[PDB]
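Input: a single structure, listed below in structure tokens.
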Amino acid sequence: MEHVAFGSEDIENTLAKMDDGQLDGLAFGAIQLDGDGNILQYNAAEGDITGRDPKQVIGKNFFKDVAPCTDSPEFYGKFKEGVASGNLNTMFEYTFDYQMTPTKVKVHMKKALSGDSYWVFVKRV
Ligand SMILES: *C(=O)/C=C\c1ccc(O)cc1
Numbered sequence: 001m002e003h004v005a006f007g008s009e010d011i012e013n014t015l016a017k018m019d020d021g022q023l024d025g026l027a028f029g030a031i032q033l034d035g036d037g038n039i040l041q042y043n044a045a046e047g048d049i050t051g052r053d054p055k056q057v058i059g060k061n062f063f064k065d066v067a068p069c070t071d072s073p074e075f076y077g078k079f080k081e082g083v084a085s086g087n088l089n090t091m092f093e094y095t096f097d098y099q100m101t102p103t104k105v106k107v108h109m110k111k112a113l114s115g116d117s118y119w120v121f122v123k124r125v
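The sequence shown begins at 1 in UniProt numbering and counts up one residue at a time.
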């Protein structure tokens, strides 16, 4: 298993060296989005939590198609502000409840070391 802890201060650096294969070895959910909320990466742990198949949601827009419970001021609003500002680093609990059993998770959104990409990290609480 890849050894990186959820909430690590230098996680964006560690994950920059990871392909889809290594991202799947994380102990927590990991989603990479572009500026518009499109899914570039989606790991196995994220799939075990959300139920959806990794390979089928890549390409999809996270806020419009895949995950609406997130289209609101407390998740999407925070993400859109971060994108426009060029800086993003926030952590909060939330509840995923679309087409699945209501699940409490802890989310960490952070701008990737890369240009126009952003990370969404999920774990159970
Ligand atoms: C609330 O809906 C949050 C996240 C989420 C992620 C994946 C799927 O499939 C549903 C919901």
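Backbone N, C-alpha and C fix where the C-beta goes; we use that ideal spot for every residue, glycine too.
Report yes if the CB atom of residue i is closer than 8 Å to the CB atom of residue j, and no otherwise.
i: residue 107; j: residue 46; result: no
i: residue 88; j: residue 64; result: no
i: residue 62; j: residue 33; result: yes
i: residue 69; j: residue 28; result: no
Would you report the Cα separation of residue i and residue j, rounded to the nearest angstrom?
i: residue 81; j: residue 75; result: 10 Å
i: residue 113; j: residue 102; result: 32 Å
i: residue 94; j: residue 105; result: 6 Å
i: residue 22; j: residue 44; result: 10 Å
i: residue 10; j: residue 26; result: 15 Å
Going by beta carbon distance, what residues of the same chain come within less than 7 Å of residue i, once the five residues before and after it are set aside?
i: residue 57; result: 39, 42, 66
Here's a check: name, in chain order, each residue in its chain whose Cβ is nearer than 6 Å to the Cβ of residue i, leaving out the five neighbours to either side.
i: residue 31; result: 42, 46, 120
i: residue 83; result: 35
Flag residue i as yes if its beta-carbon sits less than 8 Å from any beta-carbon of chain B, otherwise no.
i: residue 18; result: In the displayed structure, chain B is absent; only one protein chain is listed.
With a CB to CB cut of under 8 Å and the five nearest residues on each side skipped, what residues in its chain are close to residue i?
i: residue 53; result: 47
Open item on the list: Restricting to runs no shorter than 3 residues, where is the beta strand (DSSP E) found entirely within the stretch 4-77?
Closed with: 29-34, 39-42
Open item on the list: Can you tell me which residues fall inside 5 Å of ligand 1, judged by beta-carbon distance to its nearest heavy atom, and keep chain order?
Closed with: Taking each Cβ in turn, the ones that pass are 50, 52, 67, 69, 70, 96, 98.
Task: Complete alpha helix (DSSP H) runs within the stretch 68-125 (minimum length 4 residues, chain order) - done: Fully enclosed alpha helix (DSSP H) runs of 4 or longer: 76-85.
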